[PDB]
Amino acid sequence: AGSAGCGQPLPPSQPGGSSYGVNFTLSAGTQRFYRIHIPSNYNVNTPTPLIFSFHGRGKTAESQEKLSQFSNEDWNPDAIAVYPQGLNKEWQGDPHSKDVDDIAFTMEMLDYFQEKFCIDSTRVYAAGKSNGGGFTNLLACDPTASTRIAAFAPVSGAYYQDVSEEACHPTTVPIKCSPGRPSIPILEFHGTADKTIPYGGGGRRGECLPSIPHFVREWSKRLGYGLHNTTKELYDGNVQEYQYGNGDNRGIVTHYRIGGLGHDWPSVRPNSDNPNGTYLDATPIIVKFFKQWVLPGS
């Protein structure tokens, strides 16, 4: 479904250029910032997909664009890419983020993009690294945002639960989540050697992180009746791909476990996270995943 902005010309200092930085003031008055990349094939009459990519704690929109490579037209030819900036270089959900409504920021950003661009409102996506992956999950866990965003790709996400380290049991801790629709697509990447946001979860900064299998299981549990899974060994079995599904919706929840990888956006080439490279590039996999899943009618 093409948005109201269809037919409108691009903002006049923006068509396939370097990303552009924009100040944007929310209804209630906080001035926020994002960088936006317009695909070189953008047409003002063609409903266009949109990807939000949320940076890690202490990082920036600009650094996240370099890391996540969603402005790379070889990997993402079709979608607008938006890199929002977190206040204090962090996002809602972090133990340090207080009374910052980043969900409202995201929702008002989306409303803006629908107004000014030809957005396909059935193909709006969210991805993020770490704090930004946690925030991606919060979007999926929000009754409203989960009905407006088609699919979600947290990378090494930090799914902080408000439970003390002493009481933290990472394989069973409740994960606070209220999706507004069934069949939410989730793609999660995580390194087994992550020391920052551990694969096995546990106490962190006064709060509690779930184990990543626990996270994955809790999402898949929602697919409910007909639930099945497969495992595949990839890259000579250094990577495991787990897919959950039901009545022929195979992989609606997918997890890549990357053996030996740290707290890193997966890339074959060096990136700002990881100087060595790993077995695979997450971003093409994420783009393909987004393409698999649209927001269903109603």
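All residue numbers refer to positions in the sequence shown, first residue = 1.
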Gap between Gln14 and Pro15, counted in deposited residues with no coordinates, falls in the class 1 to 3
State which stretch shows the higher mean Cα B factor in the entry: 63-71 or 242-250.
-> 242-250
Decide which of the stretches 257-265 and 229-237 has the higher mean C-alpha B-factor, going by the entry.
-> 229-237
Candidate residues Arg204, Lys176, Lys89, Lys129, the one whose C-alpha B factor the record puts highest | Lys176
Reading the B-factor column for Cα atoms of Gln31, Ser53, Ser40, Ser27, the highest value belongs to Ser40
The third of the chain into which the C-alpha temperature factor of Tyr20 falls is the highest
Could you look up the Cα B-factor of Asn276 in the entry and say which third of the chain it sits in: lowest, middle or highest?
-> highest
What third of its chain, lowest, middle or highest, does the C-alpha temperature factor of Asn76 fall into?
-> middle
Would you mind checking where the Cα B-factor of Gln85 ranks among the modelled residues of its chain, as the lowest, middle or highest third?
-> lowest
Entry-reported Cα temperature factor of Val216, expressed as the chain third it lands in = middle
